[PDB]
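Colleague: Input: one structure, supplied below.
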Amino acid sequence: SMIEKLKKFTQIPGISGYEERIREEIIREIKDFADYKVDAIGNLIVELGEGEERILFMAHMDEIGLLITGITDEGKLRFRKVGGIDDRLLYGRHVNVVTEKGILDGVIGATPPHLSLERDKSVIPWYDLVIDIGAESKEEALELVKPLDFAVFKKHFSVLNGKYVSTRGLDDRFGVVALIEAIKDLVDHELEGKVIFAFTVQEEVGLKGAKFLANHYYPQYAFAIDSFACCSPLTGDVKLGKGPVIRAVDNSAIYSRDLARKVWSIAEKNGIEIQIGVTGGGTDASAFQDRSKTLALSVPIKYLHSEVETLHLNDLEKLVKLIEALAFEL
Amino acid sequence: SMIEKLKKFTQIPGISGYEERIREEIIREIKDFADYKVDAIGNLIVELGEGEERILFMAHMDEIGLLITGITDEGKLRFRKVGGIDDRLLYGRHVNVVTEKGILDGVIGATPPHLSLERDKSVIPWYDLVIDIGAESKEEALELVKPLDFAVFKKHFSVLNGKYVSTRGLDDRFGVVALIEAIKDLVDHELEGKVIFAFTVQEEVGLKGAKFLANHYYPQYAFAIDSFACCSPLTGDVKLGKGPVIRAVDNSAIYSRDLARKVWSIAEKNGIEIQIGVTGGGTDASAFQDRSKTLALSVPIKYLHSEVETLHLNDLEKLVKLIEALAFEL
Amino acid sequence: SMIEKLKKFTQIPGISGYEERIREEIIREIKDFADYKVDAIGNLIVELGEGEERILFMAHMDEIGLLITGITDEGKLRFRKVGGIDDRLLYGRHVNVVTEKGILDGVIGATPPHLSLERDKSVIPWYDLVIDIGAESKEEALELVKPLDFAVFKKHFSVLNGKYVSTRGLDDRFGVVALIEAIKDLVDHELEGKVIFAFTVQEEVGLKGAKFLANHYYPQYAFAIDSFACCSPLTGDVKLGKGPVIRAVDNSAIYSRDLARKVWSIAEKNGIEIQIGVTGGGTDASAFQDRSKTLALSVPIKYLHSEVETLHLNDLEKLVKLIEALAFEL
Ligand SMILES: [Co+2]
Ligand SMILES: [Co+2]
Ligand SMILES: [Co+2]
Ligand SMILES: [Co+2]
Ligand SMILES: [Co+2]
Ligand SMILES: [Co+2]
């Protein structure tokens, strides 16, 4: 119910711009506790209580996938990348081409095997690849897919020891999950200031979902719950299963230091093993230091942004257990 | 029932040496038509009729996987390759570690993402990789896996248009399938000479299953039904769905020319679109020209030996439809 | 008597094709227990008991040396390599040129020292070298050596701590030793099935001694006792002195798995510290999976195929102690 909750949300396709299938399902499991409104741009916003705008929580729906840019003469699909993938993760891998008519499966096979003796033994760049969907010609392809349909990897699900979980799309699905688990566990409790949960769009392509929020939402403290890339010197003693991490500093922003304490305190004062770190990249929260106390805490992750992303199942536990015990005790 | 037959047989793990799980299941669906004997080395042999030994048919159970060679101090698994894989297909991919106690899942994640700035932007070699299984230490790993346990990729299944099929393990599973479909369709027909169906072991590591057969089985004509790697100049006008291919020539052997005719004839004379080709590598049949008329016919395949192998579903149809209409009309 | 037994057998020159001097001496110490026959090709074969052919044991006489291919105008010897040496082990080293007239010593000195200032600071390839034997001219050389005389390194002997031993030619001499020690310890015991000890030729150049055996000797289980190259990831937890190793898998063959157990069992059931491994290269045994249960067990070795090969003296102890306790209790 934590797993299958997770299996349920990684499986949903939807990269930046195209988050529909994800937020429709968030609404399936939210409809009947709390009350939503949907941004223009796309954002699920869900206030709790009324009054001055206190905390804001953001996990983003969109993920990294491929935009279909056009079609070849023999009906293979061209694509650009949306977000940040690594090409070696593109070569010879099933995908899942999402269209209007609905899901449709193909394969970025392109794998000239052992017996061709022009050995392309370097990594083959994202633009030399195409998707196979079994189309016979340029025409037959359009029967099935049009430009600006997008696609995503057929995602395996794996539970490693008993503790960990691997699949592509933890960034930031787990987060979307958390802010649901951690919203059912609120509301009827009510004793508050006034906290705003949000499910952002287009984070992986420039945070644009949260840059849109930054209007109408001037809160006091704005959090992001995205991933925390793990296990490099520069990650200090962060290791997996030693509880949620506070992105103190990344590449998008170095974050409020007093806010850091204010949670770190609530942390130990509340029986939790929060840990602290310095990584790379950025987080929706860093769209708010514009004017706002920002910080984003997260779960440390291995093999990030690959279909092998691996979060520890306890940290997730403790992290909702904290990003709740924040919305009160702050 | 052709698909799910195929889905059923690719899903079974078992690389060279370790074919058990595969032949036990072949026997589950053969037990009660025809009669088997199992080689020393491992081979399923199934005669039909009695008398001089006429034709021999071989599809091999084993596949390409990874042998676990040892364990690291932090409980990651080391492995060698068994067979011929390409390393770019090793990087960051779920696998499935088969042990004695039974199946156990892990991930060759190893994917230093975007934020480490020593960019290993070349392909990372098979020996710098390890499997993650979520073990905490060298000790905790052995609790789960021992050397000479082996592993295989979590295999997706994909049906491309309606026609084609992708998954890792068509080589030579489809073949194992064929020689089953095409053995249920025999026997009770009986009108013969005397044909031997065999399910070989260790083909992908030197044909050693069929090199073992070469004793006790001196037939008249020996066929192999393995893959036919496709879509390179040197493949002539072989294209997918234009019916089974006759490996005229590969790298292991150039095959009987009269036997080629003798089938090519039976082909057109029997309403089939056999095609002919020159590829690379070898086939169990080429363990018999030692003394024996050899030839191996097959289904053309794209993206071979990658988890994206793609055979056309008709060819398979027509190929059983022919490797039957051979066991009589030859 | 284990050492000097070993010192005695490494010292004997004889590479593939030219094993005489070795098997004559094996016969000096075997003549008067058990009874031999010598293959055409060269193999010492020594049955024990009579009846169905049960086990076969092979250690090979030949070693890596140099074939003299011709002679220079100033009476230096040209050579090819027989087997697999590494060139850096050729540069500037005494050798021992075996002729018909008998032993004759020379030196692959060739060592342009410090004062020539064209610095050949890369490794100098096997074909730029010649042997010095002190001959004054092309003519004077032939007075001493003719083509297809061969040569071998002057071999030092070293006993490292008290435990280990270094010298060039453990592969497979130690093995030849074992199957002698372990044949004097049989015979008069007699209680058997029927075991065949063999001393093979030409293993280091394609196993051709044992490929010749494969006729007339169809046994039930065929073992090889050759070296086991040691101390690389891919060698798992094999370390020196932790008892004989079972080559589970190498590059020539992945070996019977049930036979592996059947010894591993007899092992622990018999008070021995057998260990298991995956290395590279091959073994005479792998000439039998042709039709036969093959496996080769061995002693782990460091610095293999160099005049520094280093086996642990206990393992050798325990290995005869086991390859005896096999010839009965199997
Ligand atoms: Co994210
Ligand atoms: Co991300
Ligand atoms: Co195959
Ligand atoms: Co293959
Ligand atoms: Co040897
Ligand atoms: Co050797």
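Just remember, in the structure tokens the first chain shown is A, the second B, etc., residues are 1-based per chain, and ligands are 1-based in the order shown.
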Pick out the residues sitting within 12 Å of residue 143 (chain A), and hand them over as a PyMOL selection string; count only C-alpha atoms, and ignore anything fewer than 6 positions along from it in its own chain.
Modeller: (chain A and resi 71+75+99-101+104+133-137) or (chain B and resi 161)
Colleague: Would you mind listing the residues within 6 Å of ligand 1, counting only C-alpha atoms and all ligand atoms, as a PDB file with C-alpha atoms, in the first residue's frame?
Modeller:
```pdb
ATOM      1  CA  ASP A 171      11.563  11.791  -9.217  1.00  0.00           C
ATOM      2  CA  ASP A 172       9.195  13.084  -8.223  1.00  0.00           C
ATOM      3  CA  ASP A 226      12.048  16.334  -4.933  1.00  0.00           C
ATOM      4  CA  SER A 227      14.853  13.783  -5.068  1.00  0.00           C
TER       5      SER A 227
END
```
Colleague: Hey, which residues come within 10 Å of ligand 6 if we count only C-alpha atoms and all ligand atoms? Could you give them as a list in words?
Modeller: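 Based on only C-alpha atoms and all ligand atoms, ligand 6 is surrounded within 10 Å by residues 60, 62, 63, 64, 83, 84, 85, 169, 170, 171, 172, 203, 204, 205, 226, 227, 228, 229, 281, 282, 283, 304, 305 and 306 of chain C.
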Colleague: Give the residues of chain B that lie within 9 Å of chain C; count only C-alpha atoms, and format the answer as an NGL selection string.
Modeller: :B and (16-18 or 40-41 or 68-72 or 78-80 or 127 or 147-148 or 202 or 205-206 or 208-215)
Colleague: Export, as a CSV table (one decimal), in the first residue's frame, the selected residues with N, CA, C and O atoms.
Modeller:
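Here's the written file part_36.csv:
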```csv
chain,number,residue,atom,x,y,z
B,16,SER,N,23.6,-20.5,-20.5
B,16,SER,CA,24.3,-21.8,-20.8
B,16,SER,C,24.8,-22.4,-19.5
B,16,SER,O,25.5,-21.8,-18.7
B,17,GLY,N,24.6,-23.7,-19.4
B,17,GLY,CA,24.9,-24.5,-18.3
B,17,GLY,C,23.8,-24.7,-17.3
B,17,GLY,O,23.6,-25.7,-16.6
B,18,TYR,N,22.9,-23.7,-17.3
B,18,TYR,CA,21.8,-23.5,-16.3
B,18,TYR,C,20.4,-23.6,-17.0
B,18,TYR,O,19.6,-22.7,-16.7
B,40,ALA,N,23.1,-36.6,-20.9
B,40,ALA,CA,24.0,-36.3,-19.8
B,40,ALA,C,24.1,-34.8,-19.7
B,40,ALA,O,23.6,-34.2,-18.8
B,41,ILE,N,24.7,-34.2,-20.8
B,41,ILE,CA,25.0,-32.8,-20.7
B,41,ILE,C,23.8,-32.0,-20.5
B,41,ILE,O,23.8,-31.0,-19.8
B,68,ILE,N,27.5,-15.0,-11.9
B,68,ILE,CA,28.0,-14.3,-10.7
B,68,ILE,C,29.3,-14.9,-10.3
B,68,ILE,O,29.4,-16.0,-9.8
B,69,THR,N,30.4,-14.1,-10.4
B,69,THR,CA,31.7,-14.6,-10.2
B,69,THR,C,32.2,-14.4,-8.7
B,69,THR,O,33.0,-15.2,-8.2
B,70,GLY,N,31.7,-13.4,-8.1
B,70,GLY,CA,31.9,-13.2,-6.7
B,70,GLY,C,31.2,-12.0,-6.1
B,70,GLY,O,30.2,-11.5,-6.7
B,71,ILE,N,31.5,-11.6,-4.9
B,71,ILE,CA,30.8,-10.6,-4.1
B,71,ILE,C,31.8,-9.5,-3.5
B,71,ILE,O,32.8,-9.8,-2.9
B,72,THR,N,31.4,-8.2,-3.6
B,72,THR,CA,32.2,-7.1,-3.1
B,72,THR,C,32.0,-7.1,-1.6
B,72,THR,O,31.1,-7.7,-1.1
B,78,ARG,N,29.6,-9.4,-8.4
B,78,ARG,CA,30.4,-9.4,-9.6
B,78,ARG,C,30.0,-10.5,-10.5
B,78,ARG,O,29.4,-11.5,-10.1
B,79,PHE,N,30.2,-10.2,-11.8
B,79,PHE,CA,29.7,-11.2,-12.8
B,79,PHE,C,30.7,-11.2,-14.0
B,79,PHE,O,31.3,-10.2,-14.2
B,80,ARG,N,30.7,-12.3,-14.7
B,80,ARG,CA,31.3,-12.4,-16.0
B,80,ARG,C,30.1,-12.5,-16.9
B,80,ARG,O,29.0,-12.6,-16.5
B,127,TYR,N,33.4,-5.1,-16.9
B,127,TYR,CA,34.0,-5.4,-15.6
B,127,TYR,C,34.1,-4.3,-14.6
B,127,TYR,O,34.5,-4.6,-13.4
B,147,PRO,N,28.3,-17.3,-5.5
B,147,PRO,CA,29.0,-17.4,-6.8
B,147,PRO,C,28.3,-18.5,-7.6
B,147,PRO,O,27.7,-19.5,-7.1
B,148,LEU,N,28.3,-18.3,-8.9
B,148,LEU,CA,27.7,-19.3,-9.8
B,148,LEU,C,26.2,-19.5,-9.6
B,148,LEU,O,25.6,-20.4,-10.1
B,202,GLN,N,23.8,-24.7,-24.0
B,202,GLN,CA,25.1,-24.1,-24.2
B,202,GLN,C,25.4,-23.8,-25.6
B,202,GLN,O,26.5,-24.0,-26.1
B,205,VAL,N,27.5,-20.4,-25.9
B,205,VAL,CA,28.9,-20.5,-25.5
B,205,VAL,C,29.7,-21.6,-26.2
B,205,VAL,O,30.4,-22.4,-25.6
B,206,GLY,N,29.5,-21.7,-27.5
B,206,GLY,CA,30.3,-22.7,-28.2
B,206,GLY,C,29.6,-23.9,-28.7
B,206,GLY,O,30.3,-24.9,-29.1
B,208,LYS,N,28.2,-26.2,-27.5
B,208,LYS,CA,28.6,-27.5,-26.8
B,208,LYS,C,27.5,-28.4,-26.5
B,208,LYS,O,27.7,-29.6,-26.3
B,209,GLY,N,26.3,-28.0,-26.5
B,209,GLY,CA,25.2,-28.9,-26.4
B,209,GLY,C,25.1,-29.8,-27.6
B,209,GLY,O,24.8,-31.0,-27.5
B,210,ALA,N,25.3,-29.2,-28.8
B,210,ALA,CA,25.1,-29.9,-30.1
B,210,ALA,C,26.4,-30.6,-30.4
B,210,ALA,O,26.4,-31.5,-31.2
B,211,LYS,N,27.5,-30.2,-29.9
B,211,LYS,CA,28.7,-30.9,-30.1
B,211,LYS,C,28.7,-32.2,-29.4
B,211,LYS,O,29.4,-33.2,-29.8
B,212,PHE,N,27.8,-32.3,-28.4
B,212,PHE,CA,27.6,-33.5,-27.6
B,212,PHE,C,26.7,-34.5,-28.3
B,212,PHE,O,26.8,-35.7,-28.2
B,213,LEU,N,25.6,-33.9,-28.9
B,213,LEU,CA,24.7,-34.7,-29.8
B,213,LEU,C,25.5,-35.4,-30.8
B,213,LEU,O,25.3,-36.6,-31.1
B,214,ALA,N,26.4,-34.7,-31.5
B,214,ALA,CA,27.1,-35.3,-32.6
B,214,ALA,C,27.6,-36.7,-32.4
B,214,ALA,O,28.0,-37.4,-33.4
B,215,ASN,N,27.5,-37.2,-31.2
B,215,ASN,CA,27.6,-38.6,-30.9
B,215,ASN,C,26.2,-39.2,-30.6
B,215,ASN,O,25.4,-38.7,-29.9
```
Colleague: Could you check which of B:298, B:270, B:96, B:1 is closest to residue 14 (chain B), using only C-alpha atoms?
Modeller: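 Answer, going by the shortest atom-to-atom distance: B:96.
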Colleague: So that I can check the surroundings of residue 174 (chain A), please list as a list in words every protein, DNA and RNA residue that reaches within 8 Å of it, counting only C-alpha atoms and ignoring chain neighbours fewer than 5 positions away.
Modeller: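 My reading of the contact set: residues 6, 9 and 316 of chain A.
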Colleague: Output C-alpha atoms for every residue in the selection just made, as a PDB file, in the first residue's frame.
Modeller:
```pdb
ATOM      1  CA  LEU A   6       4.364   3.791  -5.624  1.00  0.00           C
ATOM      2  CA  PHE A   9       2.344   6.329  -9.711  1.00  0.00           C
ATOM      3  CA  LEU A 316       9.881   7.770   2.544  1.00  0.00           C
TER       4      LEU A 316
END
```
Colleague: List the spatial neighbours of residue 300 (chain A) as a list in words - criterion: any atom at most 9 Å away, only C-alpha atoms, same-chain residues fewer than 5 positions off excluded.
Modeller: residues 227, 228, 229, 230, 231, 238, 239, 240, 241, 242, 243, 244, 245, 310, 311, 312 and 315 of chain A
Colleague: May I have the selected residues written with N, CA and C atoms, as a PDB file, in the first residue's frame?
Modeller:
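Below is the file that was written, out.pdb:
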```pdb
ATOM      1  N   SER A 227      13.798  14.737  -5.382  1.00  0.00           N
ATOM      2  CA  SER A 227      14.853  13.783  -5.068  1.00  0.00           C
ATOM      3  C   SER A 227      16.102  14.447  -4.484  1.00  0.00           C
ATOM      4  N   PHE A 228      17.006  13.640  -3.934  1.00  0.00           N
ATOM      5  CA  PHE A 228      18.330  14.114  -3.539  1.00  0.00           C
ATOM      6  C   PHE A 228      19.397  13.176  -4.086  1.00  0.00           C
ATOM      7  N   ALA A 229      20.116  13.585  -5.117  1.00  0.00           N
ATOM      8  CA  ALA A 229      20.949  12.622  -5.807  1.00  0.00           C
ATOM      9  C   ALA A 229      22.025  12.105  -4.851  1.00  0.00           C
ATOM     10  N   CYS A 230      22.231  10.782  -4.767  1.00  0.00           N
ATOM     11  CA  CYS A 230      23.153  10.233  -3.762  1.00  0.00           C
ATOM     12  C   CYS A 230      24.348   9.322  -4.092  1.00  0.00           C
ATOM     13  N   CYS A 231      25.397   9.551  -3.295  1.00  0.00           N
ATOM     14  CA  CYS A 231      26.549   8.675  -3.041  1.00  0.00           C
ATOM     15  C   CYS A 231      27.772   9.061  -3.859  1.00  0.00           C
ATOM     16  N   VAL A 238      25.753  11.491   3.807  1.00  0.00           N
ATOM     17  CA  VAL A 238      24.410  11.049   3.443  1.00  0.00           C
ATOM     18  C   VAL A 238      24.511   9.632   2.918  1.00  0.00           C
ATOM     19  N   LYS A 239      23.773   8.707   3.518  1.00  0.00           N
ATOM     20  CA  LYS A 239      23.633   7.372   2.947  1.00  0.00           C
ATOM     21  C   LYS A 239      22.185   6.913   3.051  1.00  0.00           C
ATOM     22  N   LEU A 240      21.828   5.884   2.286  1.00  0.00           N
ATOM     23  CA  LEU A 240      20.421   5.544   2.085  1.00  0.00           C
ATOM     24  C   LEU A 240      19.818   4.833   3.289  1.00  0.00           C
ATOM     25  N   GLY A 241      18.699   5.362   3.774  1.00  0.00           N
ATOM     26  CA  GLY A 241      17.977   4.717   4.853  1.00  0.00           C
ATOM     27  C   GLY A 241      18.244   5.419   6.171  1.00  0.00           C
ATOM     28  N   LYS A 242      19.131   6.409   6.126  1.00  0.00           N
ATOM     29  CA  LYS A 242      19.422   7.236   7.288  1.00  0.00           C
ATOM     30  C   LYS A 242      18.505   8.457   7.297  1.00  0.00           C
ATOM     31  N   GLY A 243      17.291   8.272   6.790  1.00  0.00           N
ATOM     32  CA  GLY A 243      16.239   9.274   6.916  1.00  0.00           C
ATOM     33  C   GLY A 243      16.279  10.414   5.908  1.00  0.00           C
ATOM     34  N   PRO A 244      15.173  11.165   5.735  1.00  0.00           N
ATOM     35  CA  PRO A 244      15.148  12.234   4.734  1.00  0.00           C
ATOM     36  C   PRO A 244      16.335  13.165   4.803  1.00  0.00           C
ATOM     37  N   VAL A 245      16.610  13.790   3.663  1.00  0.00           N
ATOM     38  CA  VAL A 245      17.710  14.728   3.555  1.00  0.00           C
ATOM     39  C   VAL A 245      17.165  16.137   3.352  1.00  0.00           C
ATOM     40  N   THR A 310      16.617   4.419  -7.120  1.00  0.00           N
ATOM     41  CA  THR A 310      16.448   3.560  -5.961  1.00  0.00           C
ATOM     42  C   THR A 310      16.328   4.265  -4.627  1.00  0.00           C
ATOM     43  N   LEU A 311      15.101   4.538  -4.194  1.00  0.00           N
ATOM     44  CA  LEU A 311      14.877   5.112  -2.862  1.00  0.00           C
ATOM     45  C   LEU A 311      14.646   4.061  -1.780  1.00  0.00           C
ATOM     46  N   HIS A 312      15.058   4.379  -0.556  1.00  0.00           N
ATOM     47  CA  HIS A 312      14.907   3.472   0.578  1.00  0.00           C
ATOM     48  C   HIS A 312      13.509   3.646   1.132  1.00  0.00           C
ATOM     49  N   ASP A 315      12.942   5.871   4.541  1.00  0.00           N
ATOM     50  CA  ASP A 315      13.056   7.311   4.466  1.00  0.00           C
ATOM     51  C   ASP A 315      11.730   7.865   4.022  1.00  0.00           C
TER      52      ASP A 315
END
```
Colleague: Write out as a PyMOL selection string the set of residues from region 54-253 of chain C that DSSP, computed on the backbone, places in strand (DSSP E or B).
Modeller: chain C and resi 56-60+65-71+77-82+94-98+103-107+131-132+150-153+158-159+164-166+195-200+222-224+227-229+245-249
Colleague: Which residues of chain B have any atom within 12 Å of an atom in ligand 2 when counting only C-alpha atoms and all ligand atoms, and what is the closest pair of atoms for each, with the distance in Å to one decimal? Order the rows by chain and rising number and write it as JSON lines.
Modeller:
```
{"residue": "B:113", "atom": "CA", "partner": "ligand 2", "partner_atom_place_in_ligand_line": "1 (Co)", "distance": 10.4}
{"residue": "B:114", "atom": "CA", "partner": "ligand 2", "partner_atom_place_in_ligand_line": "1 (Co)", "distance": 10.0}
{"residue": "B:115", "atom": "CA", "partner": "ligand 2", "partner_atom_place_in_ligand_line": "1 (Co)", "distance": 11.2}
```
Colleague: Let me make sure I understand: among B:129, B:263, B:34, B:301, which one has the smallest atom-to-atom distance to ligand 3 if we use only C-alpha atoms and all ligand atoms?
Modeller: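 Smallest separation from ligand 3 among the options: B:301.
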Colleague: Between CA of residue 260 (chain A) and CA of residue 197 (chain A), what distance in Å does the model show, to one decimal?
Modeller: 19.5 Å
Colleague: So which one's closest to ligand 5, C:48, C:246, C:224, C:82? Using only C-alpha atoms and all ligand atoms, please.
Modeller: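 Using only C-alpha atoms and all ligand atoms, ligand 5 sits closest to C:224.
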Colleague: Just to confirm, what's the straight-line distance from CA of residue 154 (chain A) to CA of residue 123 (chain B) in Å (one decimal)?
Modeller: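 CA of residue 123 (chain B) lies at a distance of 22.4 Å from CA of residue 154 (chain A).
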